[PDB]
RNA sequence: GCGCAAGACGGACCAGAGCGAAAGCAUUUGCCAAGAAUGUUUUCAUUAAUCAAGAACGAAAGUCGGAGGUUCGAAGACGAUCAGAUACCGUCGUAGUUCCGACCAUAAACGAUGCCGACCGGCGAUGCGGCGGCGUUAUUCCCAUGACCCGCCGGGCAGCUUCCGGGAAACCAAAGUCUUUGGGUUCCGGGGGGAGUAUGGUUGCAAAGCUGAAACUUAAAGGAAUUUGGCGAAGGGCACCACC
Ligand SMILES: [Zn+2]
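Residue numbers (my numbering), protein chains in the order written: chain E, 9 to 33; chain U, 3 to 138; chain H, 39 to 139; chain F, 1214 to 1426; chain P, -12 to 54.
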């Protein structure tokens, strides 16, 4: 895949990971 | 309809508006003021296929019909006013406009001044479509 | 690699220019990049001029002309056969194409 | 369905006395039945005629808009409504490698006639000029606009509508502007492209009678 | 329709190059006998020469290139 | 065809033209403030160049609060296309697009070429300021001015040619003056992936910005150019094993 949509996908994955960590308090 | 004027020396003047686009043609005839129309035909009522609404033959048939109606109603001289779709869309007139002009010439009608009334803007409004246009 | 001396445009001391729209397409293209064609056309082309001139009210009537400037995107200009591809030595030639009449 | 064109009446339109050819043409309107009067539909009509069809042997790229204001029977008496140029001449005068000047005023005559004159002025390539540019600096453009403003205001303010429209049949305003704007930058193509109407006074029929001789 | 067109009769003056997608029609420059000064261009189908008399069901339609 | 109301925008003039540190800037007029370059036999006399910390500005998209919403139009509702089409196409349309007030500091923010200074070829043009000169014009004489013609100087955006020279080459009058290696100075890279990733700090209402690894895995990933390769690339010709 091209770099732009890969960076968007990794942004979405990082947002999901941050949400899961902030809900795993 | 009929007038008391002589049919030998003087001629009766009207204007005719040829609004032609890439899809359809209009051959409209009004009086000198333009407020009172006479008879309006389009290439959509000369052929029973809307694909051929922009054909030269439909415009030719419409021009012959409107010229016969104006001849039998009492109009013998016309001023040409050509027009495209105007706006920001395009400025080149439709492909049946000069065909309708020639068919108006063949039917026995006098032609006077020829002008164009395309509504050209001073960068009014953005066109329909995206930044990349229509990709076809 | 770098293909042209300029970058396919004429922007040398600006950084930003006004974008225009294509005629056939609606693509937003900068003004100094789009290929322009100021064509002067007449109302009746080659055979209807005698048709108007013989059947007319005014004698010695000059036929009016239509003036229009066309803005073309690069893909639309190549697709509409306005410009073509040229060789590596003939790419650096900025003269207009020759005209016969 | 009855024939709609059998209940029409053919009328006439008459140019004012400051032109040569009084006859313009014929219009049509329905007859007088009901609450609607046939003379009402002849009120708000604008007739657009070229200058060569109205004067005798003059230019043809100028048009005059004429509006009927009063009717006396079987003819419609017209009045001035504006002046405009043709589109092909306006597109032909605009060319590259020369700068472009516009100017406009809000002038009023000796009566209630607020005009809005528009005019253009184009720079001239000299006969022995080698340079292709022939541009002008911005302050020369400002002085040319000031001279155009002064000439347009000075020529209409002291006259009524009849004299200034009599001056509009030739391009004497254009000749005065081209004579004035010569020590700044030489101009060659000066025309009055458009004249509008803003305010109409109270309808007086007598002035319309001296306007037709 | 409600208006019959008279069958105009015409005679060719010069033949141009071959047109059409598969080369099945050719360009001609043709003139009329009732009006000798009038000339018009048309697409004809079949083998033609210079000087032959050819029939037209209409005298208003123009010619066309390969499309 | 004639009038009204609202919002947006400023065509053709518009150019390998101008200005600004950059992002950027195009209707007319009025007001305020700033600036480059040119001119000078003015004035101070080393006040200079590049710069961690710190500070200003910064496209569009994005968020919060208002007035306003013409057109275009993310999400969405459809109609065709298709094996599928929640895509290309067409009809509507929500946030947004426009202004005010508060925020983030991101782009292929690119001449993909830091700033200051010196030297090293030629030519014709172009924008600004100044100097000189036959002539034409603002109607016939004189002077200054504007508009042309011919040259010169200084700064700037650029062009053509070159066995100066350099480079892996494309190319470059700088990317030259570099093994005959040193003018001053700031930032920055050591094969590819993991990876602008995890954690820590910090900034922001939020979206997110700045700083920024390692384990592991691989012998390649790359840059320039020439002939047969295929183009649903273009320009010319040919074939009844192609067509009409
Ligand atoms: Zn396009």
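Even for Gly, the Cβ is constructed at its ideal location relative to N, Cα and C.
Look at residue 54 (chain H) here: in three-state DSSP terms it is coil, with no helix or strand label. Note on the segment 1264 to 1303 of chain F: whole beta strand (DSSP E) runs with a minimum of 3 residues are 1275 to 1284 and 1289 to 1298, in chain order.
For residue 1420 (chain F), the enclosing alpha helix (DSSP H) begins and ends at 1418 to 1423. DSSP places residue 1332 (chain F) inside the beta strand (DSSP E), whose first and last residues are 1327 to 1336. The C-beta separation of residue 1274 (chain F) from residue 1267 (chain F) comes to about 13 angstroms, leaving the pair out of contact by the 8 angstroms criterion. Against chain H, the CB of residue 135 (chain U) has a partner CB under 8 angstroms away; the residue lies at that interface. Taking C-beta atoms as the reference points, residue 64 (chain U) and residue 45 (chain U) count as a pair closer than 8 angstroms. Of all residues in the segment -8 to 26 of chain P, none places a beta-carbon less than 8 angstroms from a beta-carbon of chain U.
If you check the CB distance, residue 1424 (chain F) and residue 1230 (chain F) come in under 8 angstroms. Along the segment 96 to 117 of chain U, the positions whose C-beta sits under 9 angstroms from a C-beta of chain P are 101, 104, 105 and 108, read in chain order. Taking CB atoms only, residue 61 (chain U) has no neighbour in chain H less than 8 angstroms away.
Residue contact check for residue 103 (chain H) against chain F: a CB pair falls below 8 angstroms. For residue 1219 (chain F), the secondary structure class from DSSP, reduced to helix, strand or coil, is helix. Boundaries of the beta strand (DSSP E) harbouring residue 42 (chain U): 39 to 44, taken from the DSSP string. Among the CB atoms of chain U, none fall inside 8 angstroms of the CB of residue 1274 (chain F).
For residue 18 (chain U), the enclosing beta strand (DSSP E) has its first and last residue at 15 to 22. Annotation for residue 90 (chain U) indicates a beta carbon at 7 angstroms or more from all heavy atoms of ligand 1.
Taking the C-beta atoms as reference points, residue 12 (chain P) is found no nearer than 8 angstroms to residue -5 (chain P). Secondary structure of residue 1316 (chain F) (DSSP, three-state): strand. Just so you know, the alpha carbons of residue 1400 (chain F) and residue 1335 (chain F) end up roughly 6 angstroms apart. Within the model, the alpha-carbon separation for residue 1248 (chain F) versus residue 5 (chain U) is close to 26 angstroms. Taking a C-beta cut-off of 8 angstroms against chain U, the contacting residues of the segment 1216 to 1248 of chain F are 1218, 1219, 1221, 1223, 1226, 1237, 1238, 1239, 1240, 1241 and 1242, listed in chain order. Sequence-distant partners of residue 104 (chain H) (beyond 5 residues in either direction) whose C-beta falls short of 8 angstroms from its own C-beta, in its chain, are 78, 79, 80 and 81. Around the beta carbon of residue 1296 (chain F), 16 or more other beta carbons sit within 10 angstroms, so the residue counts as buried.
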